[PDB]
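Here is data-v2.cif, consisting of mmCIF, C-alpha atoms (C1' of nucleotides):
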data_upload
#
loop_
_atom_site.group_PDB
_atom_site.id
_atom_site.type_symbol
_atom_site.label_atom_id
_atom_site.label_comp_id
_atom_site.auth_asym_id
_atom_site.auth_seq_id
_atom_site.Cartn_x
_atom_site.Cartn_y
_atom_site.Cartn_z
ATOM 1 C CA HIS Q 1244 0.000 0.000 0.000
ATOM 2 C CA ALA Q 1245 1.005 3.616 -0.608
ATOM 3 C CA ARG Q 1246 -0.852 6.937 -0.628
ATOM 4 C CA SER Q 1247 0.219 10.368 -1.863
ATOM 5 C CA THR Q 1248 -3.085 12.248 -1.566
ATOM 6 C CA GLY Q 1249 -6.597 10.859 -1.345
ATOM 7 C CA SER Q 1250 -9.747 10.916 0.749
ATOM 8 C CA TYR Q 1251 -10.009 12.879 3.987
ATOM 9 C CA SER Q 1252 -12.232 12.248 6.981
ATOM 10 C CA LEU Q 1253 -15.259 14.457 7.526
ATOM 11 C CA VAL Q 1254 -15.371 15.606 11.156
ATOM 12 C CA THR Q 1255 -11.629 16.121 11.641
ATOM 13 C CA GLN Q 1256 -10.320 16.582 8.060
ATOM 14 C CA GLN Q 1257 -7.599 13.956 8.469
ATOM 15 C CA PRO Q 1258 -6.721 11.148 6.044
ATOM 16 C CA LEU Q 1259 -8.598 7.889 6.491
ATOM 17 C CA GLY Q 1260 -6.972 4.567 7.339
ATOM 18 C CA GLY Q 1261 -6.801 1.212 5.640
ATOM 19 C CA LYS Q 1262 -5.758 -0.080 2.238
ATOM 20 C CA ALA Q 1263 -9.394 -0.729 1.311
ATOM 21 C CA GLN Q 1264 -10.319 2.966 1.443
ATOM 22 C CA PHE Q 1265 -6.882 4.190 0.268
ATOM 23 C CA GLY Q 1266 -5.914 5.567 3.665
ATOM 24 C CA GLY Q 1267 -2.680 7.053 4.912
ATOM 25 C CA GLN Q 1268 -0.399 5.527 7.489
ATOM 26 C CA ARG Q 1269 -0.926 6.390 11.144
ATOM 27 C CA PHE Q 1270 1.883 8.483 12.598
ATOM 28 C CA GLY Q 1271 1.321 7.484 16.206
ATOM 29 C CA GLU Q 1272 2.431 9.316 19.305
ATOM 30 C CA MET Q 1273 5.425 7.034 19.888
ATOM 31 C CA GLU Q 1274 6.923 8.113 16.569
ATOM 32 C CA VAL Q 1275 6.203 11.747 17.444
ATOM 33 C CA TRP Q 1276 8.207 11.123 20.610
ATOM 34 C CA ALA Q 1277 10.998 9.623 18.514
ATOM 35 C CA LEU Q 1278 11.115 12.622 16.180
ATOM 36 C CA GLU Q 1279 11.180 15.141 19.015
ATOM 37 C CA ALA Q 1280 13.930 13.032 20.570
ATOM 38 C CA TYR Q 1281 15.905 13.418 17.344
ATOM 39 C CA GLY Q 1282 15.283 17.158 17.369
ATOM 40 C CA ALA Q 1283 13.855 17.273 13.834
ATOM 41 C CA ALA Q 1284 11.320 20.005 14.473
ATOM 42 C CA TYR Q 1285 10.643 20.729 10.790
ATOM 43 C CA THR Q 1286 9.829 17.115 9.931
ATOM 44 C CA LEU Q 1287 7.426 17.071 12.877
ATOM 45 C CA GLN Q 1288 5.838 20.345 11.766
ATOM 46 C CA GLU Q 1289 5.140 19.029 8.286
ATOM 47 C CA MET Q 1290 3.983 15.696 9.718
ATOM 48 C CA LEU Q 1291 1.425 17.496 11.891
ATOM 49 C CA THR Q 1292 0.251 20.366 9.661
ATOM 50 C CA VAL Q 1293 0.765 20.031 5.893
ATOM 51 C "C1'" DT S 1 -9.026 6.541 63.266
ATOM 52 C "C1'" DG S 2 -10.818 2.850 60.806
ATOM 53 C "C1'" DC S 3 -14.567 1.953 57.790
ATOM 54 C "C1'" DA S 4 -16.657 1.435 53.258
ATOM 55 C "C1'" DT S 5 -17.084 3.981 48.903
ATOM 56 C "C1'" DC S 6 -16.048 6.125 44.522
ATOM 57 C "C1'" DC S 7 -12.922 7.258 40.843
ATOM 58 C "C1'" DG S 8 -9.391 6.906 36.957
ATOM 59 C "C1'" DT S 9 -5.988 3.701 34.918
ATOM 60 C "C1'" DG S 10 -4.406 -0.206 31.796
ATOM 61 C "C1'" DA S 11 -0.512 -0.682 23.260
ATOM 62 C "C1'" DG S 12 1.007 -1.429 19.102
ATOM 63 C "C1'" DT S 13 0.254 -1.382 13.803
ATOM 64 C "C1'" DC S 14 -3.340 -4.103 11.305
ATOM 65 C "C1'" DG S 15 -8.586 -7.099 7.947
ATOM 66 C "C1'" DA S 16 -13.790 -7.823 6.931
ATOM 67 C "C1'" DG S 17 -17.995 -7.611 7.185
ATOM 68 C "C1'" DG S 18 -21.388 -4.002 8.869
ATOM 69 C "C1'" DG S 19 -26.000 -3.806 9.728
ATOM 70 C "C1'" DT S 20 -31.383 -4.971 13.223
ATOM 71 C "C1'" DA S 21 -36.157 -3.608 15.635
ATOM 72 C "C1'" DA S 22 -41.368 -5.182 21.344
ATOM 73 C "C1'" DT S 23 -45.503 -1.513 19.465
ATOM 74 C "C1'" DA S 24 -49.142 2.271 17.952
ATOM 75 C "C1'" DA S 25 -56.527 5.092 15.244
ATOM 76 C "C1'" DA S 26 -58.763 7.089 12.950
ATOM 77 C "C1'" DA S 27 -62.333 10.978 10.974
ATOM 78 C "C1'" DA S 28 -63.064 15.930 9.963
ATOM 79 C "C1'" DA S 29 -61.769 20.734 8.647
ATOM 80 C "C1'" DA S 30 -58.256 23.957 7.832
ATOM 81 C "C1'" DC S 31 -54.406 25.706 6.021
ATOM 82 C "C1'" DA S 32 -49.900 25.868 3.571
ATOM 83 C "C1'" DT S 33 -47.392 25.061 -0.475
ATOM 84 C "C1'" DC S 34 -45.359 23.174 -4.658
ATOM 85 C "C1'" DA S 35 -46.290 21.960 -9.241
ATOM 86 C "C1'" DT S 36 -47.583 23.036 -14.050
ATOM 87 C "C1'" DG S 37 -49.048 26.114 -17.680
ATOM 88 C "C1'" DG S 38 -49.558 30.258 -20.095
ATOM 89 C "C1'" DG S 39 -47.993 34.967 -20.934
ATOM 90 C "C1'" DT S 40 -44.784 39.422 -20.981
ATOM 91 C "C1'" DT S 41 -39.362 40.907 -20.951
ATOM 92 C "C1'" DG S 42 -35.313 40.360 -22.612
ATOM 93 C "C1'" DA S 43 -31.378 38.549 -24.171
ATOM 94 C "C1'" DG S 44 -29.528 36.909 -27.003
ATOM 95 C "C1'" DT S 45 -27.357 34.575 -31.334
ATOM 96 C "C1'" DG S 46 -28.205 35.225 -36.773
ATOM 97 C "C1'" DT S 47 -27.622 37.489 -41.323
ATOM 98 C "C1'" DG S 48 -27.427 40.331 -44.544
ATOM 99 C "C1'" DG S 49 -25.603 44.800 -46.085
ATOM 100 C "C1'" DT S 50 -21.854 49.470 -47.849
ATOM 101 C "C1'" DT S 51 -16.969 50.824 -48.103
ATOM 102 C "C1'" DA S 52 -11.700 50.747 -46.881
ATOM 103 C "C1'" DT S 53 -8.911 48.439 -50.131
ATOM 104 C "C1'" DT S 54 -3.589 46.107 -52.392
ATOM 105 C "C1'" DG S 55 -1.574 42.625 -55.873
ATOM 106 C "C1'" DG S 56 -2.333 41.704 -61.018
ATOM 107 C "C1'" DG S 57 -2.845 42.579 -65.831
ATOM 108 C "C1'" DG S 58 -2.930 45.403 -68.673
ATOM 109 C "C1'" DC S 59 -1.619 49.509 -73.226
ATOM 110 C "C1'" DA S 60 1.746 53.777 -73.789
ATOM 111 C "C1'" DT S 61 5.961 55.331 -74.607
ATOM 112 C "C1'" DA S 62 10.149 54.391 -75.125
ATOM 113 C "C1'" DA S 63 14.282 51.313 -76.360
ATOM 114 C "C1'" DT S 64 18.428 47.251 -78.557
ATOM 115 C "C1'" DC S 65 19.029 43.660 -81.318
ATOM 116 C "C1'" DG S 66 18.379 41.089 -86.271
ATOM 117 C "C1'" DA S 67 18.329 40.554 -91.545
ATOM 118 C "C1'" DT S 68 20.348 43.375 -96.996
ATOM 119 C "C1'" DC S 69 21.163 47.522 -101.323
ATOM 120 C "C1'" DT S 70 23.817 52.178 -101.864
ATOM 121 C "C1'" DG S 71 28.654 55.064 -101.080
ATOM 122 C "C1'" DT S 72 34.367 55.211 -100.475
ATOM 123 C "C1'" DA S 73 40.432 53.442 -101.904
#
Same coordinates, now as structure tokens:
Amino acid sequence: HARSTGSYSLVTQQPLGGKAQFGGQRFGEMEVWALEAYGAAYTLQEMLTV
DNA sequence: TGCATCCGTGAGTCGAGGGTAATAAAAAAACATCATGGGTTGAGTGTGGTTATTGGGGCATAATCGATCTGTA
């Protein structure tokens, strides 16, 4: 599976999940912790906003 | 101070079907409202019409060859 840009959820405007509905991968909170441990603030900013 | 009592907590990506149902009353009048159909505005898109032409061919008016019988050592 892979997704560049597709459907977005309705209430919260976030990408859906699952290969069946062509959903994006879930960037959980553990990986957010890992990124802020690295110090890569810009990668986090794009991962949370754009 | 000891007792019961209440109040948060407790993972992670993932897939596939994905929706089901105990019951109930009719009249009448009254009103609201959309639905269609026919008629004015009006808003177009449609179609011919006069008048600006600029290359082209044309006839004038000139011009430079091509062919033979009279004058000079």
Run the PyMOL selection byres ((chain Q) within 12 of (chain S)) on the file and write out the hits as a compact mmCIF listing (two decimals) with C-alpha atoms, keeping the file's coordinate frame.
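Resulting contents of out-v9.txt:
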# COMPACT_ATOMS: atom_id res chain seq x y z
CA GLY Q 1260 -6.97 4.57 7.34
CA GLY Q 1261 -6.80 1.21 5.64
CA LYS Q 1262 -5.76 -0.08 2.24
CA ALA Q 1263 -9.39 -0.73 1.31
CA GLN Q 1268 -0.40 5.53 7.49
CA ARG Q 1269 -0.93 6.39 11.14
CA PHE Q 1270 1.88 8.48 12.60
CA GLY Q 1271 1.32 7.48 16.21
CA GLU Q 1272 2.43 9.32 19.30
CA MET Q 1273 5.42 7.03 19.89
CA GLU Q 1274 6.92 8.11 16.57
Which residue of Q:1257, Q:1266, Q:1289, Q:1277 approaches residue Q:1244 most closely, using only C-alpha atoms: Q:1266
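Interatomic distance, atom CA of residue Q:1247 to atom CA of residue Q:1259: 12.4 Å.
Remark: for residue Q:1248, the closest of the candidate residues Q:1275, Q:1293, Q:1280, Q:1287 is Q:1293 (distances computed over only C-alpha atoms).
For the residues Q:1265, Q:1250, Q:1245, Q:1256, ranking by smallest atom-to-atom distance to residue Q:1292 using only C-alpha atoms places Q:1256 first.
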As AutoDock Vina command-line options, please: the centre and edge lengths in Å, to one decimal, of an axis-aligned box enclosing every listed atom of stretch 1255-1274 of chain Q with 6 Å added on each side.
--center_x -2.4 --center_y 7.9 --center_z 10.1 --size_x 30.6 --size_y 29.3 --size_z 31.6
